[PDB]
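Protein chains in written order, with full-length UniProt numbering: chain A, 8 to 334; chain B, 8 to 81; chain C, 3 to 123; chain D, 3 to 55.
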RNA sequence: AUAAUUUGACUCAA
RNA sequence: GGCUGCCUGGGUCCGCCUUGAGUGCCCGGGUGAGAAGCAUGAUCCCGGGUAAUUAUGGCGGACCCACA
Ligand SMILES: [Zn+2]
């Protein structure tokens, strides 16, 4: 019923008395409407028709942005949730490309099989699988091993099956659906699909169609009210929830922003479950994303000792004039 | 030779579906119990522990091999 | 009832609107299909717009009502979409239909035009 | 298109009526969109009245 | 520039 | 030694490491119907559209060397 992105960690306290200063830095609430676009991700409801790549370009032109991205490729016929990275927050996609996914799938069957046997086979497709990406793919054609979390059966109408399904990133629905059809005998293809979840992105009120997107944009552009366009885009910290976070002090911010690696004497709070090699998000105390990087220690080693390098800072997003120098 | 298991059914697309426990490779020889040629492996799929195997039949009658035990020639 | 419907349609009047298209088909000329209908509006060619009450999603026809008050054209809603098509003379459904040439339905059309005035303001 | 959704509970189905709560069901697939969006000006005017602008 | 990745791309030429 | 300014390894941000034309598909404009799918666009013509990120080598530039 759940994903590795669902598993909620817990904030651990290495320092309780390290406090935040409200005058430096800008949180998601107190970002100017221009700034929110630079460091913003759109939770988009993608209509079917175009490729995800074409979707990018339209947003690029209509809102007049010079760089944009997406959290994976969804097919023309396919619809649903799509994370949309903007401007500075374009690179945040690297965290959403490997993250867990979930789709709602309809599957036509070419023959007749009594109802109860289907679920028995539908139960059986829970675990690791072997697939080869089809001729129509963006990755190399090699036999990898992808993970399947759960397939809950929605409803059936004889030859058609409605079902909810969540998988690891890169897993092919059409390849699976075809293979389940061969597991029942008569074969199967996919006539329709929609995404429902992608990492920490699901069908909520922050989800938005392209229609409403552009509508709200011109309501601030022509008419000039900020409230509506604000909830259209999300602070880039939304694309971070499913990742281990580290809360750093006011003095540990400015140094890191200048490219510096995070030391242990700079940590105040941290998520539990960290290993060496995992990507960890670096946060201020007001919950603003500073940078991304690989861990040099475990949740124990950062907590116990007072000397050493904890996080290898790799990708900087926060500007330098936000928090002044304190090293 | 090594054993796979019992044959499930013949798909209309051109595949004999067998239920096996081990991981084979691309283009394997398939023979029955008496060392006579049946077909060649084209597609492997399904779960990790017990994967299904689809076979390309290079024989005249793949309709009589329903409810049979197929192997891999070694 | 959906949000693009700005006013209530008495059940007799909707039938009268269907009576228009049905007869219009043979004596005059008509525009069947949302895309066509809209084209018929902006070119000012239209004389009456007939939208269905059961259109999904809302966005496909939404633009019509404000575009009708733009180019002065009176417009009307009808219950079914499946019923709109059959009255327009096709297998499947039509969401919105517009009449160019009233044909014999002249008076029937002109009467609908006056009863939509009061239901507006 | 055939995949529908309830505008009340959040259930996907194939029928016209919600086989669960009993509401009218509508199509899940979002409205088709153009990079030109021809009549966008007019669609905004309808959205103004409903939202109250 | 080379090699990967994201469920969608393949053929060619200076 | 502390500091400025020229100097340069590492880290970090920004640029660049081909562009034409053709297939598939999409979208607009024009047109408006007997497989039945489809008026929420059949057909036919014309126009336009086809993203990103990581790792390493090369190159032009912007900051800084920081256990807080
Ligand atoms: Zn319901």
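All residues carry an ideal CB built from backbone N, CA and C; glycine is no exception.
- Counting only runs of at least 3 residues, the segment 114-199 of chain A fully encloses the following beta strand (DSSP E) elements, listed from N- to C-terminal order: 135-138, 151-163 and 167-174.
- Looking at the DSSP output, residue 32(C) bridges to 101(C).
- Residues 261 of the same chain have their beta carbon placed closer than 7 Å to that of residue 332(A), with the five preceding and five following residues left out of the count.
- Chain-ordered, the chain D residues with CB closer than 9 Å to the CB of residue 62(C) read 33 and 34.
- A check of alpha carbon separations from residue 112(A) across 20(D), 30(D) and 21(D) identifies 30(D) as the nearest.
- Nearest neighbour of residue 179(A) by Cα position, chosen from 312(A), 196(A) and 65(A), turns out to be 196(A).
- Sixteen is the threshold: when 16 or more other Cβ atoms of the shown chains lie within 10 Å of the Cβ of residue 245(A), as they do, the residue is buried.
- In this structure, the straight-line span from the alpha carbon of residue 210(A) to that of residue 203(A) is close to 6 Å.
- Here the segment 84-92 of chain C does not lie against the segment 63-74 of chain C, with fewer than 3 beta-carbon pairs under 8 Å apart.
- Close partners of residue 42(D) in chain A (Cβ separation under 9 Å): 218, 221, 222 and 225.
- Spatial neighbours of residue 60(A) in its own chain (CB-CB distance under 6 Å, excluding positions within 5 residues in sequence) are not present.
- In the DSSP secondary-structure assignment, residue 50(A) is bridged to 90(A).
- Cβ proximity to chain D below 7 Å picks out 199 and 201 from the segment 190-213 of chain A.
- DSSP, reduced to helix, strand and coil, places residue 11(C) outside both helices and strands of the structure shown, so it counts as coil.
- Counting along the chain, residue 243(A) sits inside no alpha helix (DSSP H), nor does DSSP assign it H or E at all.
- The set of residues with any CB-heavy atom separation to ligand 1 below 6 Å comprises, in chain order, 8(D), 10(D), 11(D), 13(D), 20(D), 22(D), 23(D) and 25(D).
- Annotated three-state conformation of residue 203(A) is strand, per DSSP.
- In this structure, residue 275(A) keeps its C-beta atom at 8 Å or more from the C-beta atom of residue 293(A).
- Put simply, the segment 15-31 of chain C touches the segment 43-63 of chain C. At least three CB pairs are less than 8 Å apart.
- Judged by DSSP in its simplified three-state form, residue 105(A) adopts coil rather than helix or strand.
- Closer than 8 Å to the CB of residue 127(A) there is not a single CB belonging to chain B.
- At a cut-off of 8 Å between beta carbons, residue 72(B) makes no contact with chain A.
- Rounded to whole angstroms, the separation of the alpha carbons of residue 190(A) and residue 139(A) is 17 Å.
- Inclusion of residue 279(A) and residue 247(A) in the CB contact set at 8 Å is not warranted, their separation being larger than that value.
- Assignment of residue 20(C) by DSSP, reduced to helix, strand and coil, places it in the helix class.
- Assignment of beta-bridge partners to residue 96(C) by DSSP yields no partner.
- The criterion of a C-beta distance shorter than 8 Å is satisfied by residue 34(B) and residue 48(B).
- For residue 13(B), the closest C-alpha among the options 26(B), 61(B) and 21(B) is that of 26(B).
- Collapsing the DSSP output to three states places residue 281(A) in coil.
- Around the CB of residue 33(C), 16 or more other CB atoms lie within 10 Å, so the residue is classed as buried.
- Rounded to whole angstroms, the gap between the alpha carbons of residue 14(A) and residue 305(A) is 18 Å.
- Legend: CB atoms of the segment 167-188 of chain A lying less than 9 Å from CB atoms of chain B belong to residues 182, 183, 185, 186, 187 and 188.
- By the Cβ-count criterion, residue 218(A) is buried, with 16 or more other Cβ atoms from all chains shown falling within 10 Å of its own Cβ.
- Residue 234(A) is outside the set of residues whose beta carbon lies under 8 Å from a beta carbon in chain D.
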